[PDB]
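Every residue, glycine among them, receives a Cβ derived from its backbone with ideal geometry; neighbour counts consider all protein chains shown. Each reported figure results from applying straightforward, stated rules to the coordinates on display, with no laboratory input.
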Amino acid sequence: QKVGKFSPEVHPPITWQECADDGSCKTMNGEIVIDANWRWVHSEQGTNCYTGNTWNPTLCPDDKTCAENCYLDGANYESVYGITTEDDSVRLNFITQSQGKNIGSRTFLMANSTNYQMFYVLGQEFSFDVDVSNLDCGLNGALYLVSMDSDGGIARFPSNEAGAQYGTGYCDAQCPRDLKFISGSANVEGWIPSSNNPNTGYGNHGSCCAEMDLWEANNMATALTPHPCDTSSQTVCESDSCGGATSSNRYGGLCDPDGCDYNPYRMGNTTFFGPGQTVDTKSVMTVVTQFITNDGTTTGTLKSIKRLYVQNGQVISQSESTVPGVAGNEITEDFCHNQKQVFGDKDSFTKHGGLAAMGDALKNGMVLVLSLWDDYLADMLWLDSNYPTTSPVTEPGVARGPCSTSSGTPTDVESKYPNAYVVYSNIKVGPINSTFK
Ligand SMILES: *[C@@H]1O[C@H](CO)[C@@H](O)[C@H](O)[C@H]1NC(C)=O
Ligand SMILES: *[C@@H]1O[C@H](CO)[C@@H](O)[C@H](O)[C@H]1NC(C)=O
């Protein structure tokens, strides 16, 4: 992608902290960039290169031609995308009106104006605070890690002239082909609009990546899900090599589209995560995610992922799995194997390396994503509600939340909750047990 000049790109700044065993935590300055896919893509004096879910056929006949012709540009974070920052806090609004109608956003935490803040959390812990009280079923405020390049693909693909500044170089375990710019080129070739989503379509190329879903939730449900890949860093895909939820064969690819999820509701305890419940979604909460290794050091193999919450001065641990025979409250090899077994989902997790593989991604740098969206693929029924909708409720793994099968249809949630939003704050990174108590 090339760089336009109609608006300057100003990242709204955010603080976060780095802790030590003490409990002492030092303040680190950072800033937030919107994903390139939400940007206006225009010609020298555009004239859109991309409107709705369809490219400009004259401006973008090919990837090479479109790369010559089209430019990324600066984003008005508040007035257009509903994005603001407040000391340690970031807020993302769902529906924001201006010249156009914006639905949600995907953003990344940057260290400086040109580079993503890489995190190294193997044997470490990652903590943050979140307000999901103004979210409802159908919505998903996601906070997660991906194996992106610090620079946004500039070093590997010089034709990319914008880089991490303009939020380029995205990838994940879904190996997504909806990205307009992949690897220094456009992805207009072989574009097919989405069947239900009027904003997205899919080109002949995708962007594979490891993915550690720390947090995907609304006020009714949450999910912690590692997604390993055969190879860890950003790999490009051709069309049907991809796999992923978007494609027609989701498992014919190099990454795991499902992951080893832990959802308390899905694992049996239906009075743990929700409004007025053990972990009370009506109020702000701290979300701790430890990453235990073999030797308890930063160099060992990822043995376990532990979840602790902190609310109102009380440490509250992850609730157990009452599913037989799926034991514990931690994500491990043995838990994941029995999970996939007992639930009857394809064990794509192990096929692509499992937790060992996911540790390897974490061993290298991974970038922090903060996002908020509704789901056009599955109406978010895999997070809240019963999935698949046809199967019996009481069948193990079917019920993931207390929400209707009929809810979460994008048109309804966009019509119902235009003032909905998420709040991410109080981001701390340090040794196990160093970011709370
Ligand atoms: C951003 O941080 C990276 C990593 O240290 C560095 O390579 C780059 O030069 C930085 N940019 C600055 C300080 O302007
Ligand atoms: C649900 O989880 C909570 C939190 O650990 C626990 O106190 C409660 O016993 C669980 N419910 C059942 C039926 O075990």
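Residue 213 meets the stated requirement of being within 30 Å of residue 430 (Cβ to Cβ), in contact with a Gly (Cβ under 8 Å, 6 or more places away or on another chain) and not basic (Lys, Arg). Just so you know, in the stretch 271-280 the residues that are in a loop (DSSP other than H, G, I, E, B) and either among the acidic types (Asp, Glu) or farther than 14 Å from residue 401 by Cα (or both) include one that is nearest to ligand 1 (Cβ to nearest atom), and it is 278. Quick check, is residue 153 buried (at least 19 other Cβ atoms within 10 Å of the Cβ), touching a helix residue (DSSP H, G or I) at 6+ places or on another chain (Cβ under 9 Å), of a type in the set (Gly, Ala, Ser) and over 18 Å from residue 73 (Cα atoms)? No; evaluated as a whole, the condition is false for this residue. Among the residues of the stretch 138-167, just one is under 30 Å from residue 402 (Cβ atoms) and either within 16 Å of ligand 2 (Cβ to nearest atom) or assigned to a loop (DSSP other than H, G, I, E, B) (or both), namely 138. Checked across the stretch 15-38, the condition of being crowded, with 22+ Cβ neighbours inside 10 Å and assigned to a loop (DSSP other than H, G, I, E, B) holds for no residue. Applying a threshold of 7 Å to beta carbon distances and a minimum spacing of six or more residues, or different chains, the list of pairs starting in the stretch 131-160 at a residue that is in contact (Cβ under 8 Å) with a residue 24 or more places away in the chain and closer than 18 Å to residue 94 by Cβ and ending at one that is of a type in the set (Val, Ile, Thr) and in a loop (DSSP other than H, G, I, E, B) reads 131/284; 132/281; 133/281; 141/132.
Of the residues making up the stretch 281-303, those that are in contact with a helix residue (DSSP H, G or I) (Cβ under 8 Å, 6 or more places away or on another chain) and in a strand (DSSP E or B) number 4. Inside the stretch 79-113, residues that are in contact (Cβ under 8 Å) with a residue 40 or more places away in the chain and in a loop (DSSP other than H, G, I, E, B) make up a count of 7. Among residues of the stretch 114-136 being of a type in the set (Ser, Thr, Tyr) and not in a strand (DSSP E or B), the one that is nearest to ligand 1 (Cβ to nearest atom) is 114. Of the residues making up the stretch 131-140, none is touching a strand residue (DSSP E or B) at 6+ places or on another chain (Cβ under 9 Å) and more than 22 Å from residue 381 (Cα to Cα).
When only residues in the stretch 326-348 that are of a type outside the set (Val, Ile, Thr) and closer than 20 Å to residue 290 by Cα count, which is surrounded by the fewest Cβ atoms within 10 Å (Cβ to Cβ)? Before the answer, list the steps.
Start the filter on the stretch 326-348 by keeping residues that are of a type outside the set (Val, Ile, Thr), which leaves 327-330, 333-341, 343-348.
In the following step, the residues that additionally are closer than 20 Å to residue 290 by Cα were identified as 327-330, 333-336.
Numbers: 327: 14, 328: 15, 329: 17, 330: 19, 333: 17, 334: 12, 335: 21, 336: 21.
Out of the qualifying residues, it is 334.
Exactly one residue out of 310, 323, 367 is of a type in the set (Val, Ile, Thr), outside any strand (DSSP E or B) and surrounded by 15 or more Cβ atoms within 10 Å (Cβ to Cβ): that is 323.
Rundown of residues vs (1) outside any loop (DSSP other than H, G, I, E, B); (2) closer than 13 Å to residue 384 by Cα; (3) touching a residue at least 40 places away in the same chain (Cβ under 8 Å), yes/no style:
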residue: 223; (1), (2), (3): yes, yes, yes
residue: 240; (1), (2), (3): no, no, no
residue: 245; (1), (2), (3): no, no, yes
residue: 248; (1), (2), (3): no, no, no
residue: 251; (1), (2), (3): no, no, yes
residue: 264; (1), (2), (3): no, yes, yes
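Can you confirm whether residue 379 is in a loop (DSSP other than H, G, I, E, B) and surrounded by fewer than 16 Cβ atoms within 10 Å (Cβ to Cβ)? Spelling it out, it is not the case that residue 379 is in a loop (DSSP other than H, G, I, E, B) and surrounded by fewer than 16 Cβ atoms within 10 Å (Cβ to Cβ). The requirement of being surrounded by 16 or more Cβ atoms within 10 Å (Cβ to Cβ) and closer than 30 Å to residue 295 by Cα is not satisfied by residue 398.
Taken over the stretch 275-334, residues that are away from ligand 2 (no atom under 14 Å from the Cβ), touching a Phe, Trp or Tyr at 6+ places or on another chain (Cβ under 9 Å) and polar (S, T, N, Q) amount to 6.
When residue 437 is tested against (1) touching a residue at least 12 places away in the same chain (Cβ under 8 Å); (2) over 30 Å from residue 314 (Cα atoms); (3) surrounded by fewer than 21 Cβ atoms within 10 Å (Cβ to Cβ), just one condition goes unmet, and that condition is (2). Is it true that residue 315 is over 30 Å from residue 242 (Cβ atoms), away from ligand 1 (no atom under 16 Å from the Cβ) and buried (at least 16 other Cβ atoms within 10 Å of the Cβ)? Criteria not met by residue 315. Out of the residues in the stretch 407-434 that are under 25 Å from residue 93 (Cβ atoms) and small (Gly, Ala, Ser), which is surrounded by the fewest Cβ atoms within 10 Å (Cβ to Cβ)? The extreme case among them is 415.
Look at residue 262 and say whether it is aromatic (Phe, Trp, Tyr) and crowded, with 24+ Cβ neighbours inside 10 Å. Criteria met by residue 262.
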